[PDB]
């Protein structure tokens, strides 16, 4: 019988779909429409784990809801694939958004394809071959996007983000995130925390803010008004329907947006 593979987040649906092709079923643990930051496990979803053979986990802080779901299920001892086993993690609390990096995605894809190959040896060769072809497309995505960068960002080019999602993404450009607006992962800032953030943006002369496309924040225009910073939006790859192509479609948009913020910070003759 065909493997039934549980996934927790949209990038993982894309990774597994691209690895298995038509040789296994990819099943989301939470229905399309839920914000995974806000999701609380339902009996309906807990029941579905009983029909699965394995669950692929981010397991580094972005799907603790999944481990609770499995604990409360008919199958508490279900095999689990820890996708981030070989991924260098930053760092205290680990930033769990490793899926928003092309290089960490490739590492994750390879770990998953290997682990799935052991559970289903009949399709192991297909899983390994598909992982290699998906990785090749991912490297090309990054290469084409980085080639459009005329210059590296200037020394004073400082970046802020609303959600703490993009440290792994910006590392691909050799950049760091100067400040994150949300005080903690998926936590909304209070008026005093937002004032503190604005003071920091001004004091450190932060040039750009990457806001959320997926579940936008209501306070973003105040930050832009009060600090004069340029606004660009990025995708956490957490909204809408699950699809095999979702990850590369949205990562291509994310890389192009980062390139555009860097080119737009570049001055000409004056």
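Positions refer to the first chain, counted from 1.
Unmodelled residues of the deposited sequence between neighbouring positions residue 91 and residue 92 number 10 or more. The PDB entry records a higher mean C-alpha B factor for 20 to 28 than for its counterpart among 243 to 251 and 20 to 28. Mean CA B-factor, 47 to 55 versus 232 to 240: the higher value falls on 47 to 55.
Highest C-alpha temperature factor among 75, 86, 142, 163, as the PDB entry reports it: 75.
Taking only the listed residues 60, 204, 208, 70, the entry reports the highest CA temperature factor at 70.
Annotation for residue 107: C-alpha temperature factor in the middle third relative to the rest of the modelled chain, per the entry. Looking at the C-alpha B-factors along this chain, the one for residue 153 belongs to the highest third. Residue 8: CA B factor in the lowest third of modelled residues in this chain (values from the PDB entry). Compared with the other modelled residues of the chain, the Cα B-factor recorded for residue 33 ranks in the middle third. Sort the chain's modelled residues by C-alpha temperature factor and residue 97 lands in the lowest third, per the entry.
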